[PDB]
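Chains as they are written, first to last, in the UniProt record's numbering: chain V, 53 to 104; chain B, 156 to 207; chain U, 26 to 52; chain A, 105 to 155.
#1: Hey, could you find the ends of the alpha helix (DSSP H) residue 184 of chain B is sitting in?
#2: Against chain B, with Cβ distances strictly below 8 Å, would residue 33 of chain U count as a contact?
#3: Just mark residue 168 of chain B as buried or exposed, buried being the case when its beta carbon has 16 or more other beta carbons within 10 Å.
#4: Thinking residue 153 of chain A and residue 42 of chain U are a contact (beta carbons under 8 Å), I'd like their distance in whole angstroms, please.
#5: Output yes or no for whether 8 Å exceeds the beta carbon distance between residue 104 of chain V and residue 64 of chain V.
#6: How far does the alpha helix (DSSP H) with residue 105 of chain A in it extend, from its first residue to its last?
#7: For residue 66 of chain V, is the classification buried or exposed, using 16 other Cβ atoms within 10 angstroms of its Cβ as the cut-off for buried?
As structure tokens, this is what we get:
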């Protein structure tokens, strides 16, 4: 369980990181709308991380 | 011509014209539900990024 | 486990109906 | 002649009924869509309470 949750929490961090790059990539291309929606995912995953 | 209970043409349209459009609308409705994912919007960015 | 597995499978199948209802609403 | 003048009223009276029912049946079909919208919402809330 400890290792299972750890991976999930580690994946959450990775997910957040992945979103960051995608959100940052959207900003570079001029798509702030998608970037703003990607920030919600970060927050959503950050909240999930906290729970985990 | 006026439209009797079992008029071959009029009655056929009641079940054909109506249902056909219903299924068509469902496709778009259900299709839009499957395309609401934010990761699909990131794929569009990837396409433009990959070509450059 | 016995009370979670049954709930997890039933709570996920109810979402499909909700999505179908939204499709009809969208239609 | 007396009957002719009296029987003509029905023709116009019955014609008004058909004119009114023509628009009432269209509203009945429009109610279905609205009824399904609130029926799906009612079930949606019931599914939200099952979690």
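Beta carbons are placed, not taken as given, at the ideal position from N, Cα and C, and that holds for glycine.
This is what the structure gives:
#1: 163–189
#2: no
#3: exposed
#4: Not really, about 14 Å apart at Cβ, beyond 8 Å.
#5: yes
#6: First-last for residue 105 of chain A: undefined, no H or E at that position.
#7: exposed
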